[PDB]
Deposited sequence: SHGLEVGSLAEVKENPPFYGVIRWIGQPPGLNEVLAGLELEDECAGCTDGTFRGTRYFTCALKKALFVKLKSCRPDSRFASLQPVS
């Protein structure tokens, strides 16, 4: 959504911020998910696994899986203009 890819800085509007580490469609779902690596550990978060299956690897308790169509480029950085 909006040309998000792995490595993109994303936002899921209290907005959450994470870097997309994985995009795909787990078995059982009919929608594409983004697996986000968040900056800090979070309660309902894994180390890159979703419903038991591993999709990427990150530090303990930093992986959050959401619907890709719920993601937007991280607005904190979207307005950043370059040097001249």
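| field | Deposited-sequence stretches lacking C-alpha coordinates, listed in sequence order | value | Absent from the structure is a single run, positions 14-15.
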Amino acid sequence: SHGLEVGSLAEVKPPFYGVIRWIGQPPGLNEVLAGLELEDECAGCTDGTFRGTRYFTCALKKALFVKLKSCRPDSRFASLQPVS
From here on, numbers count along this sequence of modelled residues.
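| message | On mean Cα temperature factor in this entry, is 72-80 or 16-24 the higher one? | response | Result of the comparison: 72-80.
| field | 31-39 or 44-52, whichever carries the higher mean Cα B-factor | value | Result of the comparison: 44-52.
| message | Test of reading the entry: by CA B factor among the chain's modelled residues, which third contains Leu60? | response | Tercile = highest for this residue's CA B-factor.
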